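See structure below.
Computed from heavy atoms alone, side chains included, the values below leave out hydrogens, waters and symmetry copies. Start at 1 with the first residue, then count along the sequence.
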Amino acid sequence: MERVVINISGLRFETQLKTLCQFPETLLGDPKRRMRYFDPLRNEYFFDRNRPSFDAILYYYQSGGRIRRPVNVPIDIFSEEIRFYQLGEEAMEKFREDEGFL
């Protein structure tokens with residue numbers, strides 16, 4: 001029901017649908033977009049992508065929109081993940097601000 005499983009390269013994350021619906025205009029937030037990654041055999045979404053980054057992508061949702069790159073995720077890895085997950089321009093501006101890039 002409410003619980004969703006997101007498998008990033010073998011690492012399972014569990015969150016609530018309501019958490020992903022904090023941002024409906026994103027890959028994970030839009031049922032039509034996330035469909036592309038759904039695995040009906042395991043009832044989960046699968047992404048062959050970087051695992052350390054995903055904590056920070058998930059925290060954007062959980063926190064209601066804050067971007068905080070952990071020091072162990074390289075800058076250009078995280079940037080690319082923002083792009084891929086379709087977090088959008090305001091998320092990218094948060095990233096710049098949080099990185100001191102303004």
Side-chain angles (χ1 to χ4, degrees), residues 2-17 19-31 33-92 94-96 98-102:
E2 284 177 22
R3 295 278 179 95
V4 51
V5 174
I6 305 163
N7 180 349
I8 312 295
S9 301
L11 189 60
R12 286 172 171 85
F13 295 81
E14 291 178 8
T15 193
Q16 302 168 268
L17 250 183
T19 302
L20 304 180
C21 292
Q22 281 273 21
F23 296 102
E25 82 305 348
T26 64
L27 187 163
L28 291 165
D30 186 342
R33 297 183 224 182
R34 66 185 179 249
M35 188 175 294
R36 175 185 168 122
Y37 299 96
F38 187 60
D39 178 4
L41 307 190
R42 295 176 243 214
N43 191 26
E44 73 187 10
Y45 299 85
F46 180 74
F47 294 93
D48 192 358
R49 298 193 73 83
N50 187 249
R51 294 152 52 127
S53 289
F54 199 72
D55 286 304
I57 299 290
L58 186 56
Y59 190 71
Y60 173 79
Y61 295 84
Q62 291 168 325
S63 67
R66 299 181 172 206
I67 294 289
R68 297 290 184 283
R69 186 183 55 93
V71 292
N72 69 310
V73 176
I75 292 172
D76 58 341
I77 297 183
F78 195 53
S79 190
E80 168 59 12
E81 301 304 293
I82 298 175
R83 187 204 69 67
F84 173 75
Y85 287 110
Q86 304 176 21
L87 296 189
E89 179 73 341
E90 181 51 57
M92 200 61 208
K94 295 163 164 179
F95 172 60
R96 289 190 190 88
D98 201 69
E99 291 297 322
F101 288 170
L102 311 168

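The side-chain heavy atoms of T26 and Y61, taken from C-beta on, include a pair separated by under 4.5 Å. Between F95 and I82 the shortest side-chain heavy-atom distance falls below 4.5 Å. The shortest side-chain heavy-atom distance between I67 and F78 falls under the 4.5 Å cut-off.
Contact between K94 and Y60 at its shortest, heavy atoms only, is NZ-CE1, 4.5 Å. Of all heavy-atom pairs between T15 and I6, the closest is CG2-CD1, 4.2 Å. Considering all non-hydrogen atoms of both residues, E25 and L87 come closest at OE2-O, 4.2 Å. Smallest separation of non-hydrogen atoms from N43 and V5: O-CB, 4.3 Å.
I57 contributes atom CD1, which lies 11.5 Å from atom CD of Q62 (distance to the nearest 0.5 angstrom). Distance check, rounded to the nearest 0.5 Å: CD of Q22 to OG of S63 gives 8.0 Å. If you take CD on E2 and CD on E14, they are separated by 13.5 Å, rounding to the nearest 0.5 Å.
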Chi angles and distances behind the side-chain contact (heavy atoms from CB on, under 4.5 Å) call for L27, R34: CA-CA 6 Å; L27 187 163; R34 66 185 179 249; 4.2 Å; yes
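Between the side chain of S79 and the backbone N or O of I75, no donor-acceptor pair lies under 3.5 Å. Checking side-chain atoms of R69 against main-chain N and O of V73 turns up a donor-acceptor pair under 3.5 Å.
For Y45 and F38, the distance between ring centers is under 6.0 angstrom. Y85 and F47 have their aromatic ring centers within a separation under 6.0 angstrom.
Residue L11 is grouped with residue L58 when hydrophobic side chains (ILVMFWY) are merged at heavy-atom distances under 4.5 angstrom, including chains of intermediate members. Hydrophobic clustering (ILVMFWY, side-chain heavy atoms < 4.5 Å, transitive): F46 and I8 are in distinct clusters.
With sequence neighbours excluded, no residue forms a side chain to side chain donor-acceptor pair (under 3.5 Å) with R51. In terms of the side chain to side chain donor-acceptor pair (under 3.5 Å) criterion, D55 has no residue partners (sequence neighbours excluded). A search for side chain to side chain donor-acceptor pair (under 3.5 Å) contacts involving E80 returns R83, not counting sequence neighbours.
In this structure, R49 is positioned above the aromatic face of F84, its NZ or CZ under 6.0 Å from the six-membered ring centre and within 45° of the axis.
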